[PDB]
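2 protein chains.
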Amino acid sequence: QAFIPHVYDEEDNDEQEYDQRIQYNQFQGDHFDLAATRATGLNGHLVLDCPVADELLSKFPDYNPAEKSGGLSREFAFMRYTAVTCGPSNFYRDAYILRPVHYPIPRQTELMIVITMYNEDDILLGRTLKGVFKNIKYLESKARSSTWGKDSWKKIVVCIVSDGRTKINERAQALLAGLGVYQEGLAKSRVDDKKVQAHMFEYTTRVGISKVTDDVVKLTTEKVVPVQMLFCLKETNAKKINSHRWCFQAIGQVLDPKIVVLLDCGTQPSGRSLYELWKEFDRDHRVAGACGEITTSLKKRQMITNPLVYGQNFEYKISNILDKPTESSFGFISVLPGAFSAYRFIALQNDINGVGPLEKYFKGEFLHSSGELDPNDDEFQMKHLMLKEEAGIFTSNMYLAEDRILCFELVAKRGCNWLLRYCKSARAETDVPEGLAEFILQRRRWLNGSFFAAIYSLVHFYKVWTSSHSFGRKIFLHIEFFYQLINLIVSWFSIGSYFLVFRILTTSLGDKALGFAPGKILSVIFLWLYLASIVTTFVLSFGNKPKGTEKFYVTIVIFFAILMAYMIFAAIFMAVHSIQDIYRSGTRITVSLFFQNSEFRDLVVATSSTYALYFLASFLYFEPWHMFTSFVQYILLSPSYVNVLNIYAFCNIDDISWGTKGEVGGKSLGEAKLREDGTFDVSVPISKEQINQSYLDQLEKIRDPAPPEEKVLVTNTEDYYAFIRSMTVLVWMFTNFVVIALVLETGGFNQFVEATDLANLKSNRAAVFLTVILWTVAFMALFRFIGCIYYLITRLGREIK
Amino acid sequence: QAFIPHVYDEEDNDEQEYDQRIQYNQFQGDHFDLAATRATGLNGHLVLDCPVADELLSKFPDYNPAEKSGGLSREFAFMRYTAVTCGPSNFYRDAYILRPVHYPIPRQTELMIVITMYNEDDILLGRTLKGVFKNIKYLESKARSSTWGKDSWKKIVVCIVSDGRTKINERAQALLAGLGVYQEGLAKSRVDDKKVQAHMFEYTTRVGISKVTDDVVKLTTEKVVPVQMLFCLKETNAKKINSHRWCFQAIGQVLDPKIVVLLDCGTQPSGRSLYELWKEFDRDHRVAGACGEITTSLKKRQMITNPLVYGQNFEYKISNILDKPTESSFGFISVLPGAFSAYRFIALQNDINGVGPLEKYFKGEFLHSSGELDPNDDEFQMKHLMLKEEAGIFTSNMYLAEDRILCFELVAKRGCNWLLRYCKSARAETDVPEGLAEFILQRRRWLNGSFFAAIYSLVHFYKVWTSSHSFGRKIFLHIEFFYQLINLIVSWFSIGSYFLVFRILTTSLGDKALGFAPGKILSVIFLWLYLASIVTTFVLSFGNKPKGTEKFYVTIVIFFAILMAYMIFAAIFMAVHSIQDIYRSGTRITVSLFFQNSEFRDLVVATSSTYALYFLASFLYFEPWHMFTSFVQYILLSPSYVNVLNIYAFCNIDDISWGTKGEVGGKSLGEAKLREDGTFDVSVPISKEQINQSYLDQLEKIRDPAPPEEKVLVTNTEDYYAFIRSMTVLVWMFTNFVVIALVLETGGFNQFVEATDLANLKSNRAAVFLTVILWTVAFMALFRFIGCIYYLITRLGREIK
Ligand SMILES: CC(=O)N[C@H]1[C@@H](OP(=O)(O)OP(=O)(O)OC[C@H]2O[C@@H](n3ccc(=O)[nH]c3=O)[C@H](O)[C@@H]2O)O[C@H](CO)[C@@H](O)[C@@H]1O
Ligand SMILES: CC(=O)N[C@H]1[C@@H](OP(=O)(O)OP(=O)(O)OC[C@H]2O[C@@H](n3ccc(=O)[nH]c3=O)[C@H](O)[C@@H]2O)O[C@H](CO)[C@@H](O)[C@@H]1O
Ligand SMILES: [Mg+2]
Ligand SMILES: [Mg+2]
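These protein sequence lines are chains A and B, in that order.
Numbering-wise, the first sequence is residues 134 to 169, 238 to 1002 according to the entry's author numbering.
Numbering-wise, the second sequence is residues 134 to 169, 238 to 1002 according to the entry's author numbering.
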């Protein structure tokens, strides 16, 4: 029973109210001309208007048995199929017409909701579609709105760009077919001896997903608002940047929408999230990009059984509570999550000269690939011209930044005034990777992107000077740039700092002054295990794949968790001993004396202050639970975050997806067939003249000496990226080691000090380093706390107005 | 002018004498039946007897213008072509007949000379062919020989197995055609809808290479002994093991020769080398394998301009003078060079049960490859059965040993008495790689092979117990096994030992007792550069290819050479200071006192003794020049040998040649054509019944829940080999570091010692380690010296008898 009566859950009371506000009796479509086995394709393109299944029409309320058509409008009766051969670059240049703009009265799009899909299960697509449909129903129900209200569904288009014709999951395809967008027969591989790049299906579906259980998806036609669906199935997978090219460069130009919303399969927006994003864009005309709070689902996951899920939950909550508000207050957000964000279409458009955010974003796809262009592609000229252009370090490595480049390119425009804003009213829920390998692979992409984006923005900070912002705005943008520079410096030396803190804390327990016997043996054992884990992580990152050697990573993570617990114990013990010593001294006890004590101060005051700031920020946002349920897991996993993820990310900076190539010869000399008789039919030279001529040709060929040939080939790009990655890790290793040598004198530096002065000189440097690092962390926390408080105050003030 | 009058060089006086001993007027071939465009292929196989070019026949002395045939025999007039489809396993089972055995009177082969070729220049092939032809002429000229003499060329077959139909160099193919073996037209790709695995051309050429200059090759028919040529051109490259399978498993069974000789393109044997190898096999019936001295050409290479060539020259000379004689004396040679060696055919044959040296040798090819068998291959059953068999660690990694496995498998047979012998009378000259990358790639293959062969032989030493050898023979074989165990242990810890020696020597100069000011700063700088070089070598070995990043390796090698010079200087300085201190003490000077002095003893006596042993061994073999011309380069390159080559070899234990695979979909849904009118011809569903049935099918498909699917796939073999390589480097790193920590207390061990006792406890361990390592090297040198002296004495005694 695919179709079941509509049922509202406990949380669907708002949906019920929306339904009460909507009439549900005036879903009348606009008449449009159809396309006529011989078919009259429009403008020389293959276009087919096929009829939808009779059962699906019979489900619709407007269906009437008496009328053969059923009384339904043309758009509700026929689904349109178009075969696209040109590709994104020339889609607008060719006369490719989408149905929304083909009506006698053109429809102007107000909100384009892009969904990216790749071999995703039907459950994830069902959840995303249910969220989008609920949002559209809410927008329709809205009464006292200038832009929204009756017939609001005509201004909204849902675009699903599936990457990979043969990689799409069968069940998701079945679901889309059940909605009526897709039919199996229509697909065509080639048209007029030209490859079909993408298959586009268009239909205004009136089928709504009633519920999405864990295993099955139920669809019902009762109380469903029509939704314009565009399903663009790509013939071959070209990653996500190519899908975004299809969305922006090709479909966006034809539709010319406002406020393009980007979604990802499995991300379920709230009931009013899209309205909140639209309102954010509408209130302030300067806003060019926006993002919403992203949450992690914890439905059937236990606190103890899934430490990783809760660690990620805490990370997401802290990010949304501290980082995004501060950057939004400054007006420049480092990263807008690709799972849920929104952009204003006009802001992204390139300049007359051809330079703009979209050009920078797309260049990464072209440059980061094998230099093998098929001459038959119609985009051959564009790709050849792009490859012939002189590319520097930054241009040729844009693929690391990905969408992150867009944020900076928007803020620091030549003569434009744009800002990026974060709204906490918009919420979306997603499933985080439970397994360790997927987490490692996912964070590998985030870390590389963040590092490259930070470097690129910092190096090009001067571009904001020419932007038409207020002078105070530029001053505060420079303050934020300085903060990001400090954050980058702190993140670059994370592994060295972690090792230094661990070594100092463990060796401090070895001192005979405090009464801890196993200090020394434990410190030595932990040092050996630490070095072994680091070396194994490097070797596995360079050599093997995470999926295969997962148990090694699990063991390393467990060891680092135990080591973190031991480090916390050592710090507490060290502080207690220091406090006890002051009382044992016999001196007067004052508040200045506690602050004067470097050990107690650094170890306790800084960490407690950071925890208090996190706690207060969590409470002020009415989101306190993560500070209890998921704090411990995050604390215990932090060293793994710094060591394993960072090492794996840097070791694989190059993402070499393409493989080796081979011309593989195959001259078609010929074949020998066998007749009924034993004789074989062959074709070999017979005439003596031909044989003698061939022999003389061979003699003349071998008579002359071999001319020199100097290989001056451009070579392949995989070597270039392998080289870039190798240099980065080497510089990363060298700089970290220099810092470690200075602080601990591990290298030859101990040769310059005396044996009696070695013990006294190592201690002072360690204390200075500990205080510096801890107070740097604390001050960054305070900075973000002030940021978030300002964001709350200003948002409340704007709401009041 | 391809053909020129024969000219004899200064060194061709022996060739002139050979010519004087040969009549050159009775080169009469045996009549054989030919094969009849329709051709009557023999036994259902595609066989063609085409006529050779008229000019080539006209060159031959026996040609007569009056007779249309020319008076030449059938074999000299027609070249035979055969297309082989089955492959090596079934070549004998099918009725594939080679010309030498097809005569009315069968010819018994006495010497099969195999030459392996792959995209080699025509110069290398010309040199090899000139050497082989000169050897055949010498064998023919021999008068007072029971086996050799008149008509000796009938007992010798030269087999050229070219790997890769489309990778063979054009000029070498032109040369072979000029000889008359190859013609372009004959090749056929498919026969009876079956792929042609190999193309075999047979011809008894009477064309001899007069000379081989640096650039061109000249051929002349004057004073040439006929040679039986078999040119087996493979359709696709399958590395060298597959070529050896063609030689042994398929061609050898048909010909059934004795004493198969293996050669490599560019290796030029001496004028009497093949006779020496044959005599070695003939004298003693127990000998199953033999090898000869291999020399490095130094024609147009300067002493200073090519340090690498002279380093390799010294290495080869020392090997031939010390290692091979000792192993030959014991009767078991670890490696028989693949460039020039010989095997007795019957010794290699497998047992009735199917287990034997050849099976072990070939299993490596099958196991070490992608598990993708084409069902159309006729060897599908064999490969599938081999893959289904349970393979342990050793069986699945045989590909590392390569031919090395054969030596041990021959010596330690179940019930056979076989020995391996080295003869210094046989000499062959080859070109060593001048570039650094090629040297790195070539040594990468040697080191992996040697390590795995040593481990395999040591683990299975007990197999020699069942062999039918004399008890004393088994005792001495066990002595050799013990020596090889010590050598393996010494080689495993080479990198750690080198670092320890460098550190001890450099830090010794830092002591204030001796008056050297820059000691400390230089030691620290060198430590930093050493660590940087090691880390960069690891990273580049894992990440990049040697050809691309060659300058890094050049810089590292130059640095290591400078460091070696500095280490030698430090040792000399340390010894001089120690000798001076004894005189400054004021005590009596005796010979016992010098020996008592650990510093002087270890540093000077051991190294001088090793050098003296090398010098004496070189002189006794009448090969003294390498001890002067090329010693310094070898000494300066030794640290590079240990560090760079060993690191690169271990980092790339897995040799993953095969690439990724993709089914790549491509369902043939259909195409749409365009008619003269605008209408497009398409095929899409029309009947309502079919559409409704498809829709109901989709509904039923999506209605049921998704059943669980647990991935229990066997997976790919590349992960297995990546895993094996990763473990090996990790164990290699761990064991070396443990030794370093013990000797220098680098790890946490210094925490267990006092500051005043740290300086005194580090010195004693360093002295003990230095004496141990140096005297181990010296004693191994003495062992090999005694070995070589015994070899000389016994060889001279055998010659006298
Ligand atoms: C948290 C979340 O909900 N999604 C993020 C997660 O995705 P996640 O870790 O779940 O997996 P991916 O990054 O591979 O997928 C990202 C998006 O790209 C699409 N895709 C994937 C593979 C492919 O060959 N072609 C293709 O188009 C996927 O369908 C998905 O819509 O890590 C990515 C790393 O960049 C982010 O970009 C995504 O925003
Ligand atoms: C010193 C010398 O003179 N030859 C050695 C050298 O060869 P070298 O370093 O010169 O180059 P290779 O090892 O690649 O060639 C070895 C042999 O295998 C053949 N080949 C090569 C590639 C291929 O795809 N197919 C193929 O059949 C080559 O033509 C040659 O006959 O290092 C090899 C490492 O094992 C040794 O085996 C060779 O004995
Ligand atoms: Mg996902
Ligand atoms: Mg070669």
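Backbone N, C-alpha and C fix where the C-beta goes; we use that ideal spot for every residue, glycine too.
Cβ-Cβ distance between residue i and residue j below 9 Å
{"i": "A/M401", "j": "A/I369", "result": "no"}
{"i": "A/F950", "j": "A/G697", "result": "no"}
{"i": "B/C360", "j": "B/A491", "result": "no"}
{"i": "B/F753", "j": "B/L741", "result": "yes"}
{"i": "A/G998", "j": "A/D579", "result": "no"}
{"i": "A/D604", "j": "A/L509", "result": "no"}
{"i": "B/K435", "j": "B/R366", "result": "yes"}
{"i": "A/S831", "j": "A/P825", "result": "no"}
{"i": "A/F986", "j": "A/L732", "result": "no"}
{"i": "A/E872", "j": "B/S390", "result": "yes"}
{"i": "A/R372", "j": "A/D322", "result": "yes"}
{"i": "A/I735", "j": "A/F970", "result": "no"}
{"i": "A/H778", "j": "A/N514", "result": "no"}
{"i": "B/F292", "j": "B/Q454", "result": "yes"}
Cβ-heavy atom distance, residue i to ligand 5, below 8 Å
{"i": "A/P289", "result": "Here the bound small molecules are ligand 1, ligand 2, ligand 3 and ligand 4; ligand 5 is not part of this structure."}
Unbroken alpha helix (DSSP H) run spanning residue i, endpoints
{"i": "A/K338", "result": "323–342"}
{"i": "B/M981", "result": "956–1001"}
{"i": "B/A942", "result": "918–945"}
{"i": "A/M583", "result": "581–589"}
{"i": "B/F533", "result": "Counting along the chain, B/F533 falls outside any alpha helix (DSSP H), and DSSP gives it neither H nor E."}
Neighbour flag for residue i against chain B, beta carbons, 9 Å
{"i": "A/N265", "result": "no"}
{"i": "A/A967", "result": "no"}
{"i": "A/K963", "result": "no"}
{"i": "A/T667", "result": "no"}
C-beta neighbour in chain A for residue i, strict 9 Å
{"i": "B/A960", "result": "yes"}
{"i": "B/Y896", "result": "yes"}
{"i": "B/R999", "result": "no"}
Boundaries (first-last residue) of the beta strand (DSSP E) holding residue i
{"i": "A/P252", "result": "248–252"}
{"i": "A/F279", "result": "279–285"}
Next item on the list: Check distances from the C-beta atoms of the stretch 137–167 of chain A to those of chain B and list, in chain order, the residues that come in under 8 Å.
Entry: Answer in chain order: no residues at all.
Notebook entry, point to check: Quick one, which residues of the stretch 868–893 of chain A are near chain B if we go by CB-CB under 9 Å, in chain order?
Noted result: Correct list: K868, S869, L870, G871, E872, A873, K874, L875, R876, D878, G879, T880, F881, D882, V883, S884, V885, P886, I887, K889, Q891, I892, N893.
Item checked: Members of the stretch 736–750 of chain B near chain A, C-beta cut-off 8 Å -> Of all residues in the stretch 736–750 of chain B, the ones placed with a Cβ closer than 8 Å to any Cβ belonging to chain A are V736, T737, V740, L741, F743, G744, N745, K746, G749, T750, in chain order.
Notebook entry, point to check: When you check each C-beta in the stretch 272–305 of chain A against every C-beta of chain B, which residues fall closer than 8 Å?
Noted result: Those residues of the stretch 272–305 of chain A placed with their C-beta closer than 8 Å to a C-beta in chain B are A284, ordered along the chain.
Check: For the stretch 377–394 of chain A, which residues have a CB atom closer than 7 Å to at least one CB atom of chain B, in sequence order?
Finding: From the stretch 377–394 of chain A, only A378, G379, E385, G386, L387, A388, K389, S390, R391, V392, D393 have a Cβ closer than 7 Å to chain B.
Check: Just by C-beta distance, which residues in the stretch 246–259 of chain A are closer than 7 Å to chain B?
Finding: For the stretch 246–259 of chain A, residues whose beta-carbon sits nearer than 7 Å to a beta-carbon of chain B comprise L247, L249, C251, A254, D255, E256, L257.
Notebook entry, point to check: If you measure beta-carbon to beta-carbon, which residues of the stretch 905–931 of chain B are closer than 9 Å to chain A?
Noted result: Going along the stretch 905–931 of chain B in chain order, one finds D905, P906, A907, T916, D920, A923, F924, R926, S927, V930, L931 with a Cβ nearer than 9 Å to chain A.
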